[PDB]
Amino acid sequence: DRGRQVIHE
Amino acid sequence: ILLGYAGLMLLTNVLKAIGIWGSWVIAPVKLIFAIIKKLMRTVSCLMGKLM
């Protein structure tokens, strides 16, 4: 989830 | 009066503590996830139009 957020934001 | 002052102190301690940044982290995740999904859908539509 943290990696997904880093890729998204 | 003591209970009211204790409640006010607890409220001030909660407001001063940095622990409220939960919604501003959870909601933008799914927001930008839906944004990226819409972007991928638009890219697929553009590729189909080009084909």
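Read the figures in this text as sums done on the coordinates, not as results from a lab. Every residue, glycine as well, gets a Cβ built from its backbone with ideal geometry; the counts of neighbours run over all protein chains shown.
Summing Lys, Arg as +1 and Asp, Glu as -1, what charge do residues with Cβ under 15 Å from the Cβ of B:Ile35 carry, B:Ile35 excluded?
Values: positive: A:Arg4, B:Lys30, B:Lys37, B:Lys38, B:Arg41; negative: A:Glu9.
Local charge sum for B:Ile35: +4.
In the range B:18-36, whose amide N lies under 13 Å from the spot 7 Å out along Cα-to-Cβ of A:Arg2? List them in ranges.
Zone members listed by number: none at all.
Quick one: the Cα spread of chain B along its three principal axes, in angstroms, biggest first?
74, 15, 8
Around B:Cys45, what is the net charge, scoring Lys/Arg as +1 and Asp/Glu as -1 over all other residues with Cβ under 14 Å from its Cβ?
Numbers: positive: B:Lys37, B:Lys38, B:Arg41, B:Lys49; negative: none.
Net charge in that neighbourhood comes out at +4.
Can you compute the helix-only [θ] at 222 nm over chain B? Use -39500 (n - 2.57) per DSSP H run of at least 4 residues, normalise by all residues, nearest 500 deg cm²/dmol.
-29500 deg cm²/dmol, from helical runs alone.
Give the angle, between 0 and 90 degrees and rounded to the nearest 10, that separates the Cα long axis of helix B:23-50 from the longest principal axis of the Cα atoms of chain B.
Taking the Cα atoms of chain B, the angle to B:23-50 is about 10 degrees.
In whole angstrom, and with the biggest value first, how far do the Cα coordinates of the protein assembly as shown range along each principal axis?
75, 20, 12
In nm, give the distance between the simple-model label positions of B:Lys37 and B:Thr12, each being 7 Å from the Cα along the Cα-to-Cβ direction.
Those two pseudo-labels are separated by 4.5 nm.
Only loop residues by DSSP count here, and only those with at most 15 other Cβ atoms within 10 Å; note down the chymotrypsin sites (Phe, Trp or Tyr not before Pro) in the range B:1-30 that meet that. Could you put the intermediate results ahead of the total?
Numbers: sites: B:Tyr5, B:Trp21, B:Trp24; in loops: B:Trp21.
Taking the range B:1-30 and a limit of 15 other Cβ atoms within 10 Å, the loop chymotrypsin sites (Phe, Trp or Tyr not before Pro) found are B:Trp21.
Kindly express, to the nearest 10 degrees and within the range 0 to 90, the angle between helix B:2-16's C-alpha long axis and the longest C-alpha principal axis of chain B.
So the helix axis and the longest Cα principal axis differ by about 30 degrees.
Between beta-carbons, use under 15 Å as the cut-off and find the net charge around A:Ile7, counting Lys and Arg +1, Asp and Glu -1.
Values: positive: A:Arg2, A:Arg4, B:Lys30, B:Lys37; negative: A:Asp1, A:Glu9.
Overall, the nearby charge balance is +2.
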